[PDB]
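J.: So here's entry_30.pdb, just PDB, C-alpha atoms:
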ATOM      1  CA  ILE H 410      13.620  -0.343  22.243  1.00  0.00           C
ATOM      2  CA  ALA H 411      15.836  -3.359  22.806  1.00  0.00           C
ATOM      3  CA  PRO H 412      18.742  -4.991  20.941  1.00  0.00           C
ATOM      4  CA  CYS H 413      17.719  -7.251  18.066  1.00  0.00           C
ATOM      5  CA  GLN H 414      14.268  -5.832  17.446  1.00  0.00           C
ATOM      6  CA  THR H 415      12.738  -4.682  14.196  1.00  0.00           C
ATOM      7  CA  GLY H 416       9.682  -2.538  13.584  1.00  0.00           C
ATOM      8  CA  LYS H 417       8.574   0.972  12.753  1.00  0.00           C
ATOM      9  CA  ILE H 418      10.627   2.327  15.679  1.00  0.00           C
ATOM     10  CA  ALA H 419      13.616  -0.004  15.547  1.00  0.00           C
ATOM     11  CA  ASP H 420      14.339   0.533  11.810  1.00  0.00           C
ATOM     12  CA  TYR H 421      13.213   4.153  11.131  1.00  0.00           C
ATOM     13  CA  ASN H 422      13.610   6.218  14.341  1.00  0.00           C
ATOM     14  CA  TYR H 423      15.767   4.524  16.965  1.00  0.00           C
ATOM     15  CA  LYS H 424      18.060   1.587  16.171  1.00  0.00           C
ATOM     16  CA  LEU H 425      20.242   0.030  18.833  1.00  0.00           C
ATOM     17  CA  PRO H 426      23.327  -2.088  18.129  1.00  0.00           C
ATOM     18  CA  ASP H 427      22.696  -5.763  18.499  1.00  0.00           C
ATOM     19  CA  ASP H 428      25.794  -5.830  20.768  1.00  0.00           C
ATOM     20  CA  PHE H 429      24.361  -3.293  23.250  1.00  0.00           C
ATOM     21  CA  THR H 430      25.676  -2.688  26.755  1.00  0.00           C
ATOM     22  CA  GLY H 431      23.457  -0.640  29.034  1.00  0.00           C
ATOM     23  CA  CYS H 432      19.939  -0.247  30.379  1.00  0.00           C
ATOM     24  CA  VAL H 433      16.515   0.567  28.967  1.00  0.00           C
ATOM     25  CA  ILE H 434      14.415   2.438  31.536  1.00  0.00           C
ATOM     26  CA  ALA H 435      10.760   3.167  30.830  1.00  0.00           C
ATOM     27  CA  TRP H 436       7.645   4.393  32.600  1.00  0.00           C
ATOM     28  CA  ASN H 437       4.129   5.270  31.575  1.00  0.00           C
ATOM     29  CA  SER H 438       3.173   8.923  31.124  1.00  0.00           C
ATOM     30  CA  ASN H 439      -0.383  10.316  31.348  1.00  0.00           C
ATOM     31  CA  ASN H 440      -0.067  13.759  33.034  1.00  0.00           C
ATOM     32  CA  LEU H 441       2.292  15.566  30.644  1.00  0.00           C
ATOM     33  CA  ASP H 442       2.427  13.531  27.425  1.00  0.00           C
ATOM     34  CA  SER H 443      -1.353  13.221  26.886  1.00  0.00           C
ATOM     35  CA  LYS H 444      -4.249  15.665  26.519  1.00  0.00           C
ATOM     36  CA  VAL H 445      -7.878  15.724  25.457  1.00  0.00           C
ATOM     37  CA  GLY H 446      -8.083  16.095  21.677  1.00  0.00           C
ATOM     38  CA  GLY H 447      -4.659  14.321  21.683  1.00  0.00           C
ATOM     39  CA  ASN H 448      -1.073  15.510  22.081  1.00  0.00           C
ATOM     40  CA  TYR H 449       0.151  16.162  18.529  1.00  0.00           C
ATOM     41  CA  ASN H 450       3.651  17.398  19.423  1.00  0.00           C
ATOM     42  CA  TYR H 451       5.135  13.866  19.036  1.00  0.00           C
ATOM     43  CA  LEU H 452       6.422  12.864  15.610  1.00  0.00           C
ATOM     44  CA  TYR H 453       7.999   9.610  14.393  1.00  0.00           C
ATOM     45  CA  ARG H 454       9.418   8.541  11.014  1.00  0.00           C
ATOM     46  CA  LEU H 455       6.783   6.515   9.221  1.00  0.00           C
ATOM     47  CA  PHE H 456       8.501   5.886   5.855  1.00  0.00           C
ATOM     48  CA  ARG H 457      12.211   5.711   5.075  1.00  0.00           C
ATOM     49  CA  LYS H 458      13.858   4.426   1.906  1.00  0.00           C
TER      50      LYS H 458
ATOM     51  CA  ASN M 360      -0.442 -19.821  -7.062  1.00  0.00           C
ATOM     52  CA  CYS M 361       0.101 -16.166  -6.151  1.00  0.00           C
ATOM     53  CA  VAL M 362       2.624 -13.424  -5.316  1.00  0.00           C
ATOM     54  CA  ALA M 363       2.614 -12.655  -1.607  1.00  0.00           C
ATOM     55  CA  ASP M 364       3.833  -9.542   0.156  1.00  0.00           C
ATOM     56  CA  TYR M 365       4.388  -9.839   3.867  1.00  0.00           C
ATOM     57  CA  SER M 366       5.820  -6.332   4.321  1.00  0.00           C
ATOM     58  CA  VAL M 367       2.374  -4.751   3.987  1.00  0.00           C
ATOM     59  CA  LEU M 368       0.977  -7.025   6.685  1.00  0.00           C
ATOM     60  CA  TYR M 369       4.159  -6.523   8.744  1.00  0.00           C
ATOM     61  CA  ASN M 370       4.505  -2.757   8.486  1.00  0.00           C
ATOM     62  CA  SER M 371       0.818  -2.329   9.342  1.00  0.00           C
ATOM     63  CA  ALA M 372       0.537  -1.387  13.041  1.00  0.00           C
ATOM     64  CA  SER M 373      -2.895  -2.981  13.497  1.00  0.00           C
ATOM     65  CA  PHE M 374      -1.533  -6.292  14.862  1.00  0.00           C
ATOM     66  CA  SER M 375      -1.236  -6.776  18.652  1.00  0.00           C
ATOM     67  CA  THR M 376       1.294  -9.641  18.594  1.00  0.00           C
ATOM     68  CA  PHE M 377       3.587 -11.041  15.920  1.00  0.00           C
ATOM     69  CA  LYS M 378       5.758 -14.127  16.613  1.00  0.00           C
ATOM     70  CA  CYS M 379       7.623 -15.953  13.818  1.00  0.00           C
ATOM     71  CA  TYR M 380       9.200 -19.333  14.571  1.00  0.00           C
ATOM     72  CA  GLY M 381      12.004 -20.467  12.276  1.00  0.00           C
ATOM     73  CA  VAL M 382      11.646 -17.421  10.015  1.00  0.00           C
ATOM     74  CA  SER M 383      12.212 -13.680  10.471  1.00  0.00           C
ATOM     75  CA  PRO M 384       9.649 -11.149   9.196  1.00  0.00           C
ATOM     76  CA  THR M 385      12.126  -9.285   6.996  1.00  0.00           C
ATOM     77  CA  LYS M 386      13.314 -12.415   5.160  1.00  0.00           C
ATOM     78  CA  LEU M 387       9.748 -13.484   4.213  1.00  0.00           C
ATOM     79  CA  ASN M 388       9.878 -11.159   1.188  1.00  0.00           C
ATOM     80  CA  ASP M 389      12.713 -13.146  -0.446  1.00  0.00           C
ATOM     81  CA  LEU M 390      11.898 -16.724   0.628  1.00  0.00           C
ATOM     82  CA  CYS M 391       9.196 -18.720  -1.037  1.00  0.00           C
ATOM     83  CA  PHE M 392       7.132 -21.756  -0.286  1.00  0.00           C
ATOM     84  CA  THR M 393       5.480 -24.801  -1.765  1.00  0.00           C
ATOM     85  CA  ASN M 394       2.290 -23.808   0.104  1.00  0.00           C
ATOM     86  CA  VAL M 395       1.101 -21.392   2.777  1.00  0.00           C
ATOM     87  CA  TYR M 396      -1.795 -22.231   5.093  1.00  0.00           C
ATOM     88  CA  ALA M 397      -3.727 -19.671   7.108  1.00  0.00           C
ATOM     89  CA  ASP M 398      -5.331 -21.241  10.170  1.00  0.00           C
ATOM     90  CA  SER M 399      -7.889 -18.657  11.295  1.00  0.00           C
ATOM     91  CA  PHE M 400      -9.732 -18.488  14.604  1.00  0.00           C
ATOM     92  CA  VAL M 401     -10.675 -16.255  17.564  1.00  0.00           C
ATOM     93  CA  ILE M 402      -9.407 -16.820  21.099  1.00  0.00           C
ATOM     94  CA  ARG M 403      -9.482 -15.081  24.458  1.00  0.00           C
ATOM     95  CA  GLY M 404      -6.763 -12.489  24.977  1.00  0.00           C
ATOM     96  CA  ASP M 405      -4.924 -14.163  27.841  1.00  0.00           C
ATOM     97  CA  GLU M 406      -4.890 -17.350  25.711  1.00  0.00           C
ATOM     98  CA  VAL M 407      -2.925 -15.719  22.842  1.00  0.00           C
ATOM     99  CA  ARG M 408       0.213 -17.086  24.487  1.00  0.00           C
ATOM    100  CA  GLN M 409      -1.015 -20.652  23.975  1.00  0.00           C
TER     101      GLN M 409
END
Written as structure tokens, how would this file's structure read?
T.:
Amino acid sequence: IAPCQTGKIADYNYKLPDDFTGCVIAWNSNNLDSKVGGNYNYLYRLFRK
Amino acid sequence: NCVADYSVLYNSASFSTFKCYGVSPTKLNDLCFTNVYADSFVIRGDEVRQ
């Protein structure tokens, strides 16, 4: 999640302009976004034409 | 003497780090080479940067 990146996230689910103005803020999550037996409520695009 | 496909290796999520110097991973599918050499070895994790 940065300008001028490629990958399974950058091309299929969230592409930023390579002329991007702004801020990318991130933090780890382990209280809400994870469970035992895994959290399966999170989907991403794995194939796109 | 073969047909290579670097998108399969690239789209696979199993790799921890992937740095290309001089080339970009999405152009490797079009470009072709006189030879390719695979130098294969195991290192310590903090030494991957070297």
J.: On this structure, the ChimeraX specification (/H :<12) & /M would catch which residues? List them as a list in words, sorted by chain and number.
T.: residues 366, 368, 369, 370, 371, 372, 374, 377, 378, 383, 384, 385 and 386 of chain M
J.: At what distance in Å, to one decimal, does CA of residue 404 in chain M lie from CA of residue 419 in chain H?
T.: 25.7 Å
J.: What does the distance from CA of residue 449 in chain H to CA of residue 373 in chain M come to in Å, to one decimal?
T.: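 For CA of residue 449 in chain H relative to CA of residue 373 in chain M, the distance reads 20.0 Å.
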J.: Between CA of residue 434 in chain H and CA of residue 418 in chain H, what is the distance in Å, rounded to a tenth?
T.: 16.3 Å
J.: Which is closest to residue 433 in chain H among H:412, H:421, H:448, H:453, if we use all atoms listed in the file?
T.: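 Using all atoms listed in the file, residue 433 in chain H sits closest to H:412.
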J.: I'd like the residues picked by the PyMOL selection byres ((chain H and resi 429) around 12) written out as a ChimeraX atom specification, using the chain letters and numbers from the file.
T.: /H:410-414,424-428,430-433
